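> Provided below: protein06.cif, containing mmCIF, C-alpha atoms and all ligand atoms.
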data_start
loop_
_atom_site.label_atom_id
_atom_site.label_comp_id
_atom_site.auth_asym_id
_atom_site.auth_seq_id
_atom_site.Cartn_x
_atom_site.Cartn_y
_atom_site.Cartn_z
CA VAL A 1 18.09 11.16 -1.77
CA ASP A 2 18.95 14.85 -1.58
CA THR A 3 16.40 16.21 0.89
CA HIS A 4 17.47 19.79 0.23
CA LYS A 5 16.70 19.19 -3.43
CA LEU A 6 13.29 17.85 -2.44
CA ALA A 7 12.69 20.99 -0.40
CA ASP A 8 13.62 23.06 -3.44
CA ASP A 9 11.19 21.17 -5.65
CA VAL A 10 8.43 21.54 -3.04
CA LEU A 11 9.01 25.29 -2.82
CA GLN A 12 9.04 25.53 -6.61
CA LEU A 13 5.61 23.93 -6.89
CA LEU A 14 4.18 26.00 -4.04
CA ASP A 15 5.44 29.14 -5.77
CA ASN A 16 4.01 28.03 -9.11
CA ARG A 17 0.62 27.31 -7.52
CA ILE A 18 0.61 30.21 -5.05
CA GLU A 19 -2.43 31.84 -6.67
CA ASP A 20 -4.21 28.55 -7.40
CA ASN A 21 -3.75 26.44 -4.27
CA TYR A 22 -3.69 27.34 -0.60
CA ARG A 23 -1.41 24.41 0.11
CA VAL A 24 0.66 21.87 -1.77
CA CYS A 25 0.79 18.19 -0.94
CA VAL A 26 3.63 15.72 -1.09
CA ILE A 27 3.13 11.96 -1.17
CA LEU A 28 6.07 9.85 -0.01
CA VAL A 29 5.68 6.08 -0.32
CA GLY A 30 8.08 3.37 0.75
CA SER A 31 7.92 -0.15 2.16
CA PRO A 32 8.81 -0.90 5.81
CA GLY A 33 12.29 0.32 6.70
CA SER A 34 12.62 2.40 3.53
CA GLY A 35 13.26 5.52 5.56
CA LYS A 36 10.08 7.32 4.53
CA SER A 37 9.43 8.47 8.10
CA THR A 38 12.85 10.08 8.48
CA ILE A 39 12.90 11.56 4.98
CA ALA A 40 9.52 13.18 5.62
CA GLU A 41 10.71 14.59 8.94
CA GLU A 42 13.91 16.04 7.48
CA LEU A 43 12.11 17.52 4.48
CA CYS A 44 9.65 19.18 6.83
CA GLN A 45 12.34 20.50 9.18
CA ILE A 46 14.42 21.90 6.30
CA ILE A 47 11.45 23.84 4.92
CA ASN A 48 10.40 25.27 8.27
CA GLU A 49 13.99 26.27 9.05
CA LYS A 50 14.28 28.15 5.76
CA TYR A 51 11.05 29.95 6.57
CA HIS A 52 12.20 30.87 10.07
CA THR A 53 15.44 32.25 8.64
CA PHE A 54 13.35 34.28 6.20
CA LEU A 55 11.25 35.74 9.03
CA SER A 56 14.42 36.81 10.85
CA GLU A 57 14.95 39.63 8.36
CA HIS A 58 11.31 40.06 7.31
CA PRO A 59 9.96 40.36 10.95
CA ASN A 60 6.43 41.63 10.31
CA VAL A 61 5.70 40.22 6.87
CA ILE A 62 2.98 37.82 8.02
CA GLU A 63 -0.61 38.80 7.28
CA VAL A 64 -3.80 36.80 7.71
CA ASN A 65 -6.47 37.68 5.15
CA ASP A 66 -10.15 36.88 4.62
CA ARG A 67 -10.95 38.33 8.03
CA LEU A 68 -14.56 39.02 6.97
CA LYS A 69 -15.20 35.66 5.31
CA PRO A 70 -16.88 32.59 6.82
CA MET A 71 -14.87 29.51 7.80
CA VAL A 72 -14.44 26.90 5.07
CA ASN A 73 -16.96 24.13 5.78
CA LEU A 74 -14.96 20.93 5.52
CA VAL A 75 -17.48 18.27 6.48
CA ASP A 76 -20.83 19.61 5.29
CA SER A 77 -20.97 16.74 2.78
CA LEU A 78 -20.88 14.22 5.63
CA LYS A 79 -23.95 12.98 7.46
CA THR A 80 -24.21 13.83 11.15
CA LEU A 81 -23.90 10.97 13.61
CA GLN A 82 -27.07 11.69 15.58
CA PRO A 83 -26.64 12.15 19.37
CA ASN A 84 -28.18 8.75 20.08
CA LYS A 85 -25.77 6.95 17.75
CA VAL A 86 -22.82 8.91 19.15
CA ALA A 87 -23.60 7.64 22.64
CA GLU A 88 -23.91 4.08 21.35
CA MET A 89 -20.50 4.25 19.67
CA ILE A 90 -18.89 5.65 22.81
CA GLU A 91 -20.62 2.97 24.86
CA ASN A 92 -19.13 0.40 22.47
CA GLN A 93 -15.61 1.65 23.21
CA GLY A 94 -15.68 4.11 20.30
CA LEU A 95 -16.27 1.47 17.64
CA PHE A 96 -18.81 0.51 14.97
CA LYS A 97 -18.99 -3.26 15.50
CA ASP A 98 -20.80 -4.01 12.23
CA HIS A 99 -18.55 -1.94 9.96
CA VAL A 100 -14.93 -2.54 11.02
CA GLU A 101 -14.12 -4.25 7.71
CA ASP A 102 -16.47 -2.21 5.49
CA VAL A 103 -14.33 -0.11 3.15
CA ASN A 104 -17.52 1.53 1.87
CA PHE A 105 -18.67 2.81 5.28
CA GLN A 106 -18.89 6.57 4.82
CA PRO A 107 -17.29 8.87 7.41
CA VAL A 108 -19.69 10.64 9.76
CA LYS A 109 -19.36 13.79 11.87
CA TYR A 110 -20.45 15.00 15.30
CA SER A 111 -19.75 17.70 17.89
CA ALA A 112 -17.11 16.48 20.34
CA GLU A 113 -14.86 25.65 22.08
CA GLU A 114 -16.67 23.58 19.44
CA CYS A 115 -14.75 20.64 17.99
CA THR A 116 -16.04 18.53 15.10
CA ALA A 117 -14.98 14.88 15.05
CA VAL A 118 -14.95 12.89 11.81
CA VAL A 119 -14.89 9.09 12.16
CA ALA A 120 -15.07 6.13 9.80
CA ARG A 121 -14.86 2.36 10.21
CA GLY A 122 -12.02 2.62 12.73
CA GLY A 123 -14.12 4.61 15.18
CA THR A 124 -12.86 7.32 17.51
CA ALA A 125 -9.31 5.92 17.58
CA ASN A 126 -8.69 7.21 14.05
CA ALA A 127 -10.85 10.32 14.36
CA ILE A 128 -9.95 13.53 12.54
CA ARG A 129 -10.81 16.64 14.56
CA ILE A 130 -11.65 20.07 13.18
CA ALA A 131 -11.76 23.18 15.37
CA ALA A 132 -12.73 26.80 14.67
CA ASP A 133 10.35 30.03 15.20
CA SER A 134 6.78 29.39 16.32
CA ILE A 135 5.20 29.56 12.86
CA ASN A 136 5.70 26.45 10.75
CA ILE A 137 4.53 26.18 7.16
CA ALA A 138 5.19 22.47 6.69
CA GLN A 139 3.64 19.56 8.57
CA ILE A 140 3.79 15.79 8.14
CA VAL A 141 0.87 13.38 8.07
CA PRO A 142 2.00 9.84 8.87
CA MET A 143 -0.40 7.12 7.73
CA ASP A 144 0.38 5.29 11.00
CA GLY A 145 -2.24 7.18 12.98
CA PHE A 146 -4.90 5.54 10.84
CA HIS A 147 -3.90 2.04 11.84
CA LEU A 148 -7.01 0.29 13.17
CA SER A 149 -6.90 -0.17 16.94
CA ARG A 150 -6.12 -3.56 18.43
CA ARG A 151 -9.63 -3.74 19.88
CA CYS A 152 -10.95 -2.92 16.42
CA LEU A 153 -8.98 -5.81 14.94
CA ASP A 154 -10.58 -8.09 17.55
CA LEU A 155 -13.90 -7.49 15.80
CA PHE A 156 -12.68 -8.77 12.43
CA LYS A 157 -14.63 -11.78 11.17
CA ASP A 158 -11.31 -13.55 11.67
CA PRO A 159 -9.56 -11.98 14.72
CA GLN A 160 -6.68 -14.48 14.50
CA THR A 161 -5.64 -12.85 11.23
CA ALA A 162 -5.62 -9.03 11.06
CA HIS A 163 -3.36 -9.03 14.13
CA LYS A 164 -1.08 -11.60 12.53
CA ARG A 165 -1.13 -9.46 9.39
CA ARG A 166 -1.38 -6.09 11.12
CA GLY A 167 0.15 -3.61 8.70
CA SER A 168 -1.67 -4.90 5.63
CA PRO A 169 -3.79 -2.42 3.63
CA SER A 170 -6.91 -3.84 5.28
CA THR A 171 -5.71 -3.04 8.81
CA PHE A 172 -5.93 0.76 8.39
CA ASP A 173 -9.01 2.97 8.38
CA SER A 174 -8.59 3.75 4.67
CA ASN A 175 -12.07 5.32 4.73
CA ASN A 176 -11.04 8.09 7.11
CA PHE A 177 -7.61 8.57 5.56
CA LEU A 178 -9.30 9.18 2.22
CA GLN A 179 -11.61 11.59 4.06
CA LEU A 180 -8.58 13.48 5.37
CA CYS A 181 -7.37 13.73 1.77
CA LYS A 182 -10.74 15.14 0.65
CA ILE A 183 -10.55 17.68 3.48
CA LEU A 184 -7.02 18.63 2.47
CA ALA A 185 -7.99 18.96 -1.19
CA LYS A 186 -10.89 21.19 -0.21
CA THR A 187 -8.62 23.46 1.84
CA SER A 188 -6.17 23.53 -1.08
CA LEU A 189 -8.77 24.47 -3.69
CA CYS A 190 -10.07 27.38 -1.63
CA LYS A 191 -10.11 30.88 -3.10
CA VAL A 192 -6.55 32.16 -2.57
CA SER A 193 5.31 42.57 -6.93
CA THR A 194 7.77 39.94 -5.69
CA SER A 195 9.35 36.62 -6.64
CA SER A 196 10.08 35.36 -3.12
CA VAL A 197 7.98 32.28 -2.36
CA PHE A 198 8.16 33.05 1.37
CA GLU A 199 7.03 36.65 0.81
CA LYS A 200 4.05 35.46 -1.23
CA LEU A 201 2.97 32.81 1.25
CA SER A 202 3.41 35.18 4.21
CA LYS A 203 0.92 37.63 2.72
CA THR A 204 -1.69 35.01 1.83
CA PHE A 205 -2.53 33.08 5.01
CA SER A 206 -6.30 32.83 5.45
CA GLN A 207 -8.42 33.19 8.58
CA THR A 208 -10.99 30.88 6.95
CA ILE A 209 -8.86 27.75 7.36
CA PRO A 210 -9.56 25.86 10.62
CA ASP A 211 -7.12 23.74 12.61
CA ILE A 212 -7.24 20.09 11.58
CA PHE A 213 -6.03 17.51 14.09
CA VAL A 214 -4.93 14.11 12.88
CA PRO A 215 -4.20 10.95 14.91
CA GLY A 216 -0.73 9.59 15.49
CA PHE A 217 0.54 6.15 16.46
CA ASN A 218 1.83 5.44 19.96
CA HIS A 219 4.49 2.74 19.53
CA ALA A 220 4.35 2.11 23.28
CA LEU A 221 0.60 1.51 23.57
CA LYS A 222 0.60 -0.24 20.19
CA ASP A 223 -2.38 1.90 19.15
CA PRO A 224 -3.39 5.18 17.47
CA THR A 225 -3.60 8.29 19.66
CA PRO A 226 -5.59 11.55 19.13
CA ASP A 227 -4.48 14.91 17.76
CA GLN A 228 -0.77 14.19 17.33
CA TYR A 229 -0.43 16.40 14.27
CA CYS A 230 -2.08 19.75 13.72
CA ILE A 231 -2.57 21.17 10.24
CA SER A 232 -3.44 24.86 10.67
CA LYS A 233 -4.01 27.90 8.49
CA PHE A 234 -0.22 28.31 8.59
CA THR A 235 0.42 24.88 7.08
CA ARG A 236 0.99 25.50 3.37
CA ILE A 237 2.86 22.25 2.70
CA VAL A 238 1.55 18.87 3.84
CA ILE A 239 3.88 15.89 3.58
CA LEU A 240 1.98 12.61 3.68
CA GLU A 241 4.09 9.48 4.11
CA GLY A 242 2.92 5.90 4.22
CA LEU A 243 2.86 2.39 2.82
CA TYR A 244 -0.31 2.59 0.77
CA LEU A 245 -0.67 6.12 -0.58
CA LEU A 246 -0.14 4.77 -4.11
CA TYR A 247 -1.88 1.40 -3.65
CA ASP A 248 -4.30 0.46 -6.46
CA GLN A 249 -7.05 -1.04 -4.30
CA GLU A 250 -10.22 0.13 -2.56
CA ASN A 251 -10.01 3.55 -0.87
CA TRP A 252 -6.23 3.79 -1.30
CA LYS A 253 -6.58 4.04 -5.06
CA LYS A 254 -8.67 7.17 -4.62
CA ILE A 255 -5.88 8.93 -2.68
CA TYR A 256 -3.67 9.91 -5.62
CA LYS A 257 -6.53 11.29 -7.69
CA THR A 258 -8.02 13.13 -4.72
CA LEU A 259 -4.71 14.91 -4.08
CA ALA A 260 -3.51 14.98 -7.70
CA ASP A 261 -6.70 16.74 -8.78
CA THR A 262 -5.71 19.78 -6.71
CA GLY A 263 -3.01 20.46 -9.29
CA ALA A 264 -0.55 20.87 -6.42
CA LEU A 265 0.94 17.44 -5.73
CA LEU A 266 4.47 16.04 -5.78
CA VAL A 267 4.80 12.24 -5.61
CA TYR A 268 7.86 10.26 -4.48
CA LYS A 269 8.32 6.52 -4.19
CA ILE A 270 11.39 5.09 -2.50
CA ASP A 271 13.23 2.27 -4.27
CA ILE A 272 14.99 0.26 -1.57
CA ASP A 273 18.37 -1.41 -1.27
CA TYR A 274 17.10 -4.92 -0.54
CA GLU A 275 19.95 -6.14 1.66
CA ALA A 276 20.21 -3.00 3.80
CA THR A 277 16.45 -2.82 4.21
CA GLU A 278 16.19 -6.52 5.00
CA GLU A 279 18.74 -6.05 7.78
CA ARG A 280 17.03 -2.90 9.03
CA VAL A 281 13.62 -4.57 9.30
CA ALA A 282 15.06 -7.78 10.72
CA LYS A 283 16.68 -5.70 13.46
CA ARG A 284 13.41 -3.91 14.23
CA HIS A 285 11.67 -7.25 14.70
CA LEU A 286 14.47 -8.44 16.96
CA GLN A 287 14.48 -5.26 19.05
CA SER A 288 10.69 -5.44 19.25
CA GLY A 289 10.76 -9.06 20.39
CA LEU A 290 8.86 -10.39 17.37
CA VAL A 291 11.74 -12.79 16.67
CA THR A 292 14.49 -14.36 18.79
CA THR A 293 17.34 -13.94 16.27
CA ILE A 294 18.23 -11.70 13.34
CA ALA A 295 18.05 -14.75 11.02
CA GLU A 296 14.41 -15.28 11.97
CA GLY A 297 13.84 -11.60 11.26
CA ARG A 298 15.44 -11.83 7.81
CA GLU A 299 13.30 -14.89 7.07
CA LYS A 300 10.09 -13.05 7.98
CA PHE A 301 11.18 -10.19 5.73
CA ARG A 302 11.85 -12.47 2.77
CA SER A 303 8.60 -14.43 3.09
CA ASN A 304 6.24 -11.53 3.88
CA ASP A 305 5.47 -9.39 0.83
CA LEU A 306 4.00 -6.69 3.09
CA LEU A 307 7.49 -6.32 4.57
CA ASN A 308 9.79 -6.71 1.56
CA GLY A 309 7.77 -4.26 -0.51
CA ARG A 310 6.66 -6.69 -3.22
CA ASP A 311 2.98 -6.05 -2.52
CA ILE A 312 3.40 -2.27 -2.74
CA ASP A 313 5.30 -2.59 -6.04
CA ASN A 314 2.82 -5.04 -7.56
CA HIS A 315 -0.01 -2.68 -6.66
CA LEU A 316 1.64 0.64 -7.52
CA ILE A 317 -0.91 2.80 -9.36
CA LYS A 318 -0.09 3.37 -13.02
CA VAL A 319 0.50 7.13 -13.27
CA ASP A 320 3.18 9.20 -15.00
CA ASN A 321 4.15 11.53 -12.15
CA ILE A 322 5.68 9.13 -9.62
CA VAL A 323 9.28 10.19 -9.01
CA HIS A 324 11.31 7.18 -7.86
CA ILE A 325 14.04 8.02 -5.37
CA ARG A 326 16.79 6.06 -3.64
CA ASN A 327 17.68 6.13 0.05
CA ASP A 328 20.90 4.13 0.12
CA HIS A 329 23.36 4.24 3.03
HG HG B 401 5.95 -3.28 9.34
HG HG B 402 -11.28 -3.58 12.92
HG HG B 403 -12.12 25.48 -0.69
HG HG B 404 -2.87 23.42 16.49
#
Please, can you express the file's structure as structure tokens?
Ligand SMILES: [Hg+2]
Ligand SMILES: [Hg+2]
Ligand SMILES: [Hg+2]
Ligand SMILES: [Hg+2]


Amino acid sequence: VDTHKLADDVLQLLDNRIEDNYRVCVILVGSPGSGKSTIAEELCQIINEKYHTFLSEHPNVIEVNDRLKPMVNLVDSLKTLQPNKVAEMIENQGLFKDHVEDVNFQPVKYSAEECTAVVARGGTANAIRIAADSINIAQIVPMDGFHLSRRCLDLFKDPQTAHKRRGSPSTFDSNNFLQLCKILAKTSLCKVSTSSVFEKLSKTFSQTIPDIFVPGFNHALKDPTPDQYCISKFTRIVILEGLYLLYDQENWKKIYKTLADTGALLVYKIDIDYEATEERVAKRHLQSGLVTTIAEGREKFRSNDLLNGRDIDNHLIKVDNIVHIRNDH
């Protein structure tokens, strides 16, 4: 895949929607070992570098507007987790014991300067937080930070599974990820003599957009960690990468439409080279200690449809704007 070409297409859409959308979103889907993480990172870096180069010769072009307007209310539609219930959750290690597997549990908010926390069935571990060369216009949102915590998985009606199948669609707080998408769509659909996309974006930043903090995944602690990625008023391009962003079940299915309805979405799905990916994933399992030999790793890859990508393909939502890309080496 030509990442510079991707960057060009992203900038083209942002420019086309400059007066209609505050930010553009990019969905990048791929099975384990497809390279979605790295592609997202490179795409992001390329865009920010181009912007920094632009600022070099347009030093004071940045302007923040809407100085006399109120902050966009992102979670007014959510019910407030009353103080008593907040304490209970915290007392219960930041979890909602009776809703860990409830995909219909609606996200709730509460005051955590003022900071608003938004949590769903995964509890505080997957909380989204909203506040009130240095300037980057692109940010990535890995789906990994929404992985349910290990302690959360211990509450599953069947603890044995969940852990054994950690990484399946049901082991992520899809409720809160969808909520992040609704928040992003709301910030995108806010009221927003040159042809330069960077010039246009530089003059249209808005003071009404709050900082949004999203969880990340700590590969060392084997659990999600708070505020690893910040999406601020300066973020005009959000690159979301993950396994289930185009999955046709439960809350995942609502992701595409939620972001597609902004009219500012680019969608990419990685088509893998089976052999190379099989080897890549087998090696990860070996390095991670999950298996004792590469052969055992290859076997797990072949027999687990969550690993070989068969599940993602079988459940790919039927839409006409998914651009399939290759990431061969
Ligand atoms: Hg995996
Ligand atoms: Hg759980
Ligand atoms: Hg808005
Ligand atoms: Hg920030």

> Could you give me, as a list in words, the residues within 12 Å of residue A:234, counting only C-alpha atoms and dropping anything in the same chain fewer than 5 positions from it?

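The contact residues come out as residues 22, 23, 48, 51, 62, 63, 64, 65, 134, 135, 136, 137, 138, 139, 187, 201, 202, 203, 204, 205, 206, 207, 208, 209, 210, 211 and 212 of chain A.
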
> Quick one: everything within 12 Å of residue A:258, counting all atoms listed in the file, minus sequence neighbours fewer than 2 positions away in the same chain. Send it as a PyMOL selection string.

chain A and resi 25+27+177-186+188-189+245-246+251-256+260-265

> Hey, what's within 10 Å of residue A:19 if we count only C-alpha atoms and toss same-chain stuff fewer than 2 positions away? As a list in words, please?

residues 14, 15, 16, 17, 21, 22, 191, 192, 200, 201 and 204 of chain A

> May I have the residues within 10 Å of stretch 287-299 of chain A as a list in words, using all atoms listed in the file and disregarding those fewer than 4 positions away in the same chain?

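So the residues in contact are residues 275, 277, 278, 279, 280, 281, 282, 283, 303, 304 and 308 of chain A.
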
> Enumerate residues in contact with ligand HG 401 (chain B): an atom-to-atom distance of at most 6 Å, counting only C-alpha atoms and all ligand atoms. Format the result as an NGL selection string.

:A and (32 or 167 or 307)

> Smallest atom-to-atom distance to residue A:312: which of A:195, A:327, A:73, A:168, using only C-alpha atoms?

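Of A:195, A:327, A:73, A:168, the one nearest residue A:312 is A:168, counting only C-alpha atoms.
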
> Would you name the residues within 6 Å of ligand HG 402 (chain B), counting all atoms listed in the file, and put them as a ChimeraX atom specification?

/A:100-101,148,152-153,155-156

> Identify, on the basis of only C-alpha atoms, every residue whose closest approach to residue A:322 does not exceed 7 Å; exclude the query and any residue fewer than 5 positions from it along the same chain; express the result as a short mmCIF file (atom, residue, chain, number, x, y, z; two decimals) with C-alpha atoms, in the coordinates of the input.


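Produced file around.cif, reproduced below:
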data_model
loop_
_atom_site.label_atom_id
_atom_site.label_comp_id
_atom_site.auth_asym_id
_atom_site.auth_seq_id
_atom_site.Cartn_x
_atom_site.Cartn_y
_atom_site.Cartn_z
CA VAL A 267 4.80 12.24 -5.61
CA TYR A 268 7.86 10.26 -4.48
CA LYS A 269 8.32 6.52 -4.19
#

> Counting all atoms listed in the file, which of A:93, A:37, A:60, A:161 gets nearest to residue A:142?

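That would be A:37, the residue with the smallest distance to residue A:142.
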
> Between A:227, A:66, A:49, A:311, which residue has the minimum interatomic distance to ligand HG 404 (chain B), considering only C-alpha atoms and all ligand atoms?

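Of the candidates, the smallest distance to ligand HG 404 (chain B) is held by A:227.
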
> Please compute the atom CA of residue A:6-atom CA of residue A:273 distance, one decimal, in Å.

20.0 Å

> Quick one, how far is atom CA of residue A:176 from atom CA of residue A:13?

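Atom CA of residue A:13 lies at a distance of 26.9 Å from atom CA of residue A:176.
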
> Pick out the closest residue to residue A:141 from this set: A:300, A:58, A:67, A:36. Count only C-alpha atoms.

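Once distances to residue A:141 are computed over only C-alpha atoms, the minimum belongs to A:36.
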
> For residue A:309, which of A:140, A:3, A:45, A:31 is the closest residue, counting all atoms listed in the file?

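Ranking A:140, A:3, A:45, A:31 by distance to residue A:309, first place goes to A:31.
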
> With distances taken over all atoms listed in the file, which residue among A:241, A:42, A:328, A:76 lies nearest residue A:107?

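For residue A:107, the nearest of the given residues is A:76.
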
> Please, what distance in Å, to one decimal, runs between atom CA of residue A:276 and atom CA of residue A:306?

16.6 Å

> Mind listing the residues within 8 Å of ligand HG 404 (chain B), all atoms listed in the file counted, as a list in words?

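Within the 8 Å cut-off, the matching residues are residues 211, 212, 213, 229, 230, 231 and 232 of chain A.
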
> Taking (-11.6, 17.8, 14.0) in the file's own coordinates, collect the residues within 7 Å, counting all atoms listed in the file, and hand them back as a ChimeraX atom specification.

/A:115-118,128-131,212-213

> Any chance you could build stretch 295-309 of chain A out to N, CA, C and O atoms and write it as a short mmCIF file (atom, residue, chain, number, x, y, z; two decimals), keeping the file's coordinate frame?


data_model
loop_
_atom_site.label_atom_id
_atom_site.label_comp_id
_atom_site.auth_asym_id
_atom_site.auth_seq_id
_atom_site.Cartn_x
_atom_site.Cartn_y
_atom_site.Cartn_z
N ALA A 295 18.33 -13.84 12.13
CA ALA A 295 18.05 -14.75 11.02
C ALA A 295 16.54 -14.93 10.86
O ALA A 295 16.01 -14.91 9.74
N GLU A 296 15.86 -15.11 11.98
CA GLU A 296 14.41 -15.28 11.97
C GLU A 296 13.76 -14.01 11.44
O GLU A 296 12.73 -14.08 10.76
N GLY A 297 14.36 -12.87 11.74
CA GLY A 297 13.84 -11.60 11.26
C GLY A 297 14.01 -11.47 9.75
O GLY A 297 13.12 -10.97 9.06
N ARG A 298 15.17 -11.89 9.24
CA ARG A 298 15.44 -11.83 7.81
C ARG A 298 14.48 -12.76 7.07
O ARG A 298 13.98 -12.43 5.99
N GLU A 299 14.21 -13.92 7.66
CA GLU A 299 13.30 -14.89 7.07
C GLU A 299 11.89 -14.31 6.94
O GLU A 299 11.24 -14.48 5.92
N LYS A 300 11.43 -13.65 8.00
CA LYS A 300 10.09 -13.05 7.98
C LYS A 300 10.03 -11.99 6.89
O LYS A 300 9.01 -11.84 6.21
N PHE A 301 11.11 -11.24 6.74
CA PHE A 301 11.18 -10.19 5.73
C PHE A 301 11.06 -10.79 4.34
O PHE A 301 10.27 -10.33 3.51
N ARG A 302 11.85 -11.83 4.08
CA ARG A 302 11.85 -12.47 2.77
C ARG A 302 10.53 -13.13 2.39
O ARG A 302 10.13 -13.09 1.22
N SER A 303 9.85 -13.73 3.36
CA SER A 303 8.60 -14.43 3.09
C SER A 303 7.33 -13.58 3.16
O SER A 303 6.28 -14.01 2.67
N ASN A 304 7.41 -12.40 3.76
CA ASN A 304 6.24 -11.53 3.88
C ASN A 304 6.29 -10.38 2.88
O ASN A 304 7.06 -9.44 3.05
N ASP A 305 5.46 -10.44 1.84
CA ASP A 305 5.47 -9.39 0.83
C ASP A 305 5.00 -8.02 1.32
O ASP A 305 5.16 -7.02 0.62
N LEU A 306 4.44 -7.97 2.52
CA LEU A 306 4.00 -6.69 3.09
C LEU A 306 5.23 -6.01 3.69
O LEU A 306 5.26 -4.79 3.88
N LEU A 307 6.25 -6.82 3.99
CA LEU A 307 7.49 -6.32 4.57
C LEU A 307 8.58 -6.02 3.56
O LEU A 307 9.27 -5.01 3.67
N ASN A 308 8.74 -6.89 2.57
CA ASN A 308 9.79 -6.71 1.56
C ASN A 308 9.43 -5.72 0.45
O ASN A 308 10.26 -5.42 -0.41
N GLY A 309 8.20 -5.23 0.48
CA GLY A 309 7.77 -4.26 -0.51
C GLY A 309 7.21 -4.80 -1.82
O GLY A 309 6.80 -4.01 -2.67
#
